[PDB]
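The block underneath contains the structure these notes are about, expressed in structure tokens.
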Amino acid sequence: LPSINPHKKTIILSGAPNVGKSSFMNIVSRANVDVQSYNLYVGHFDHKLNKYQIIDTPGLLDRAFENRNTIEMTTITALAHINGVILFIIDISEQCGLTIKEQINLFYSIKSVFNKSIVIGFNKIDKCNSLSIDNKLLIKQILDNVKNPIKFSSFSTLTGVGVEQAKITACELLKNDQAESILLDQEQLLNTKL
Ligand SMILES: Nc1nc2c(ncn2[C@@H]2O[C@H](COP(=O)(O)OP(=O)(O)O)[C@@H](O)[C@H]2O)c(=O)[nH]1
């Protein structure tokens, strides 16, 4: 809503407070970041001759929607209608102050506003690897509960390892969705004609 181009290819960052969202944005955009107020953050980067933005909205996409007022919801909804892929980051070290299960609960609670592609980012691997079987099966359950096309990416925004890889899989998930969706529109229009 505040000075965002809705047509530019976008990574929409989401996840609990202190999971590494602002860190991720800063790394991939080399801090080429516009600070906009309603604070909303828009990082910019190029990948493979294409221009991208990456958006971080602390206070909006880091907590459940139950407590939002109308204006906040319209802002959230406006973001959900951008040309974007979601990067939902889970801090698997739990240093953010919430357990993996509480972070997955957050994901289910808010993934309904987005049917876009989603990358689940497992961050802070410098402080982890492995996981409880209930946690691994909770993560696996995401693939069953979710109609959205979903990929996984592990990284550390403290050490840099896997970060660029995570950025690459987000972009390509977007491409594939753009490709699949334009076909459905082309098909419906011809099926109408015929
Ligand atoms: N151990 C570790 N700490 C991290 C990593 N990435 C970020 N942090 C720290 O986690 C805290 C929150 O990170 P931040 O980017 O502000 O998360 P955000 O609130 O979601 O935007 C900060 O103290 C960061 O320095 C990581 O990969 N590993």
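Residues in the structure tokens are named by chain (A, B, ... in the order shown) and by number from 1 within that chain; ligands are numbered from 1 in the order shown.
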Please tabulate, as a Markdown table, the residues of chain A that come within 8 Å of ligand 1, each with its closest pair of atoms and the distance in Å to one decimal, counting only C-alpha atoms and all ligand atoms and ordering rows by chain, then residue number upward.
| residue | atom | partner | partner_atom_place_in_ligand_line | distance |
| --- | --- | --- | --- | --- |
| A:14 | CA | ligand 1 | 20 (O) | 7.9 |
| A:15 | CA | ligand 1 | 20 (O) | 6.5 |
| A:16 | CA | ligand 1 | 20 (O) | 6.2 |
| A:17 | CA | ligand 1 | 19 (O) | 4.3 |
| A:18 | CA | ligand 1 | 19 (O) | 3.5 |
| A:19 | CA | ligand 1 | 20 (O) | 4.2 |
| A:20 | CA | ligand 1 | 17 (O) | 3.2 |
| A:21 | CA | ligand 1 | 20 (O) | 3.8 |
| A:22 | CA | ligand 1 | 21 (O) | 3.6 |
| A:23 | CA | ligand 1 | 15 (O) | 3.6 |
| A:24 | CA | ligand 1 | 15 (O) | 6.5 |
| A:56 | CA | ligand 1 | 21 (O) | 7.6 |
| A:58 | CA | ligand 1 | 19 (O) | 7.0 |
| A:62 | CA | ligand 1 | 20 (O) | 7.7 |
| A:89 | CA | ligand 1 | 20 (O) | 8.0 |
| A:93 | CA | ligand 1 | 1 (N) | 7.6 |
| A:95 | CA | ligand 1 | 10 (O) | 7.5 |
| A:96 | CA | ligand 1 | 12 (C) | 6.8 |
| A:123 | CA | ligand 1 | 27 (O) | 5.5 |
| A:124 | CA | ligand 1 | 27 (O) | 3.5 |
| A:125 | CA | ligand 1 | 27 (O) | 6.3 |
| A:126 | CA | ligand 1 | 28 (N) | 5.6 |
| A:127 | CA | ligand 1 | 1 (N) | 5.6 |
| A:155 | CA | ligand 1 | 27 (O) | 6.7 |
| A:156 | CA | ligand 1 | 27 (O) | 3.4 |
| A:157 | CA | ligand 1 | 27 (O) | 3.6 |
| A:158 | CA | ligand 1 | 27 (O) | 3.8 |
| A:159 | CA | ligand 1 | 27 (O) | 6.2 |
| A:160 | CA | ligand 1 | 27 (O) | 7.4 |
Considering only strand (DSSP E) as DSSP defines it on the backbone, what residues of stretch 17-191 of chain A qualify? List them as a ChimeraX atom specification.
/A:33-36,40-47,50-56,84-91,118-123,150-154
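You can rank A:78, A:120, A:163, A:61 by their closest distance to residue A:90 using only C-alpha atoms, and at the top of that list sits A:120.
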Name the residues of chain A that fall into alpha helix (DSSP H) according to DSSP on the backbone, using the chain letters and numbers of this document, as a PyMOL selection string.
chain A and resi 21-28+70-80+100-110+133-145+163-193
Could you list, as number ranges by chain, every residue within 12 Å of residue A:82, counting only C-alpha atoms and ignoring same-chain residues fewer than 5 positions away?
A: 1, 4-12, 53-55, 75-77, 113-116, 174
Store the residues picked out above in a file with N, CA, C and O atoms, as a PDB file, in the first residue's frame.
ATOM      1  N   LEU A   1       0.823  -1.248   0.000  1.00  0.00           N
ATOM      2  CA  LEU A   1       0.000   0.000   0.000  1.00  0.00           C
ATOM      3  C   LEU A   1       0.851   1.290   0.000  1.00  0.00           C
ATOM      4  O   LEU A   1       0.680   2.129  -0.888  1.00  0.00           O
ATOM      5  N   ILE A   4       4.345   0.866  -2.964  1.00  0.00           N
ATOM      6  CA  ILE A   4       4.791  -0.430  -3.463  1.00  0.00           C
ATOM      7  C   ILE A   4       4.269  -0.598  -4.886  1.00  0.00           C
ATOM      8  O   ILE A   4       3.087  -0.386  -5.145  1.00  0.00           O
ATOM      9  N   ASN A   5       5.148  -0.980  -5.807  1.00  0.00           N
ATOM     10  CA  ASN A   5       4.693  -1.367  -7.132  1.00  0.00           C
ATOM     11  C   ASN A   5       4.140  -2.800  -7.120  1.00  0.00           C
ATOM     12  O   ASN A   5       4.889  -3.750  -6.904  1.00  0.00           O
ATOM     13  N   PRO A   6       2.826  -2.957  -7.368  1.00  0.00           N
ATOM     14  CA  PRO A   6       2.169  -4.271  -7.263  1.00  0.00           C
ATOM     15  C   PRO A   6       2.510  -5.240  -8.404  1.00  0.00           C
ATOM     16  O   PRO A   6       2.226  -6.436  -8.300  1.00  0.00           O
ATOM     17  N   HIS A   7       3.132  -4.728  -9.463  1.00  0.00           N
ATOM     18  CA  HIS A   7       3.433  -5.523 -10.655  1.00  0.00           C
ATOM     19  C   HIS A   7       4.847  -6.115 -10.662  1.00  0.00           C
ATOM     20  O   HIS A   7       5.107  -7.101 -11.358  1.00  0.00           O
ATOM     21  N   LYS A   8       5.756  -5.527  -9.886  1.00  0.00           N
ATOM     22  CA  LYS A   8       7.135  -6.016  -9.812  1.00  0.00           C
ATOM     23  C   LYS A   8       7.180  -7.368  -9.100  1.00  0.00           C
ATOM     24  O   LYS A   8       6.504  -7.567  -8.097  1.00  0.00           O
ATOM     25  N   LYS A   9       7.977  -8.291  -9.633  1.00  0.00           N
ATOM     26  CA  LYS A   9       8.230  -9.572  -8.975  1.00  0.00           C
ATOM     27  C   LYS A   9       8.698  -9.338  -7.534  1.00  0.00           C
ATOM     28  O   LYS A   9       9.634  -8.572  -7.290  1.00  0.00           O
ATOM     29  N   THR A  10       8.032  -9.992  -6.587  1.00  0.00           N
ATOM     30  CA  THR A  10       8.237  -9.704  -5.175  1.00  0.00           C
ATOM     31  C   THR A  10       8.396 -10.957  -4.324  1.00  0.00           C
ATOM     32  O   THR A  10       7.644 -11.924  -4.472  1.00  0.00           O
ATOM     33  N   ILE A  11       9.360 -10.927  -3.414  1.00  0.00           N
ATOM     34  CA  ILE A  11       9.354 -11.862  -2.293  1.00  0.00           C
ATOM     35  C   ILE A  11       8.695 -11.170  -1.085  1.00  0.00           C
ATOM     36  O   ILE A  11       9.127 -10.106  -0.644  1.00  0.00           O
ATOM     37  N   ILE A  12       7.628 -11.771  -0.580  1.00  0.00           N
ATOM     38  CA  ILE A  12       6.935 -11.253   0.595  1.00  0.00           C
ATOM     39  C   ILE A  12       7.434 -12.011   1.808  1.00  0.00           C
ATOM     40  O   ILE A  12       7.197 -13.212   1.927  1.00  0.00           O
ATOM     41  N   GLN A  53      11.742  -7.051  -5.957  1.00  0.00           N
ATOM     42  CA  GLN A  53      11.664  -6.423  -4.649  1.00  0.00           C
ATOM     43  C   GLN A  53      11.432  -7.475  -3.568  1.00  0.00           C
ATOM     44  O   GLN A  53      10.927  -8.562  -3.835  1.00  0.00           O
ATOM     45  N   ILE A  54      11.837  -7.159  -2.349  1.00  0.00           N
ATOM     46  CA  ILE A  54      11.584  -8.037  -1.230  1.00  0.00           C
ATOM     47  C   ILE A  54      11.047  -7.189  -0.074  1.00  0.00           C
ATOM     48  O   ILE A  54      11.671  -6.209   0.329  1.00  0.00           O
ATOM     49  N   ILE A  55       9.865  -7.551   0.413  1.00  0.00           N
ATOM     50  CA  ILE A  55       9.130  -6.725   1.367  1.00  0.00           C
ATOM     51  C   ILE A  55       9.061  -7.367   2.748  1.00  0.00           C
ATOM     52  O   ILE A  55       8.780  -8.564   2.887  1.00  0.00           O
ATOM     53  N   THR A  75      -4.361  -3.433   4.492  1.00  0.00           N
ATOM     54  CA  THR A  75      -2.929  -3.401   4.208  1.00  0.00           C
ATOM     55  C   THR A  75      -2.402  -4.819   3.977  1.00  0.00           C
ATOM     56  O   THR A  75      -1.737  -5.083   2.976  1.00  0.00           O
ATOM     57  N   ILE A  76      -2.725  -5.733   4.889  1.00  0.00           N
ATOM     58  CA  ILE A  76      -2.325  -7.131   4.761  1.00  0.00           C
ATOM     59  C   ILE A  76      -2.864  -7.741   3.465  1.00  0.00           C
ATOM     60  O   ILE A  76      -2.121  -8.377   2.707  1.00  0.00           O
ATOM     61  N   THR A  77      -4.157  -7.539   3.227  1.00  0.00           N
ATOM     62  CA  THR A  77      -4.814  -8.039   2.028  1.00  0.00           C
ATOM     63  C   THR A  77      -4.222  -7.423   0.749  1.00  0.00           C
ATOM     64  O   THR A  77      -4.014  -8.132  -0.229  1.00  0.00           O
ATOM     65  N   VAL A 113      -4.518 -15.945   3.951  1.00  0.00           N
ATOM     66  CA  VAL A 113      -4.606 -14.651   3.253  1.00  0.00           C
ATOM     67  C   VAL A 113      -3.896 -14.713   1.890  1.00  0.00           C
ATOM     68  O   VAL A 113      -4.247 -13.974   0.967  1.00  0.00           O
ATOM     69  N   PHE A 114      -2.917 -15.609   1.772  1.00  0.00           N
ATOM     70  CA  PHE A 114      -2.165 -15.793   0.535  1.00  0.00           C
ATOM     71  C   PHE A 114      -2.689 -16.993  -0.258  1.00  0.00           C
ATOM     72  O   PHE A 114      -1.919 -17.850  -0.710  1.00  0.00           O
ATOM     73  N   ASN A 115      -4.007 -17.852  -3.295  1.00  0.00           N
ATOM     74  CA  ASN A 115      -3.191 -19.053  -3.383  1.00  0.00           C
ATOM     75  C   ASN A 115      -1.935 -18.809  -4.211  1.00  0.00           C
ATOM     76  O   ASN A 115      -1.909 -19.040  -5.424  1.00  0.00           O
ATOM     77  N   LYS A 116      -0.906 -18.312  -3.534  1.00  0.00           N
ATOM     78  CA  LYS A 116       0.407 -18.073  -4.125  1.00  0.00           C
ATOM     79  C   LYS A 116       1.356 -19.201  -3.754  1.00  0.00           C
ATOM     80  O   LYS A 116       1.056 -20.021  -2.885  1.00  0.00           O
ATOM     81  N   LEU A 174       8.195 -18.456  -8.167  1.00  0.00           N
ATOM     82  CA  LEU A 174       7.393 -17.366  -8.710  1.00  0.00           C
ATOM     83  C   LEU A 174       7.201 -17.546 -10.215  1.00  0.00           C
ATOM     84  O   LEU A 174       6.074 -17.488 -10.711  1.00  0.00           O
TER      85      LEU A 174
END
For residue A:64: contacts at 8 Å, only C-alpha atoms, fewer than 5 positions along chain excluded, given as a PyMOL selection string:
chain A and resi 106+109-110
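Atom CA of residue A:86 is positioned 23.2 Å from atom CA of residue A:129.
With only C-alpha atoms as the basis for measurement, A:111 is the residue among A:51, A:121, A:111, A:13 that approaches residue A:65 most closely.
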For residue A:148, which of A:117, A:186, A:176, A:135 is the closest residue, counting only C-alpha atoms?
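Of all the options, A:117 lies closest to residue A:148.
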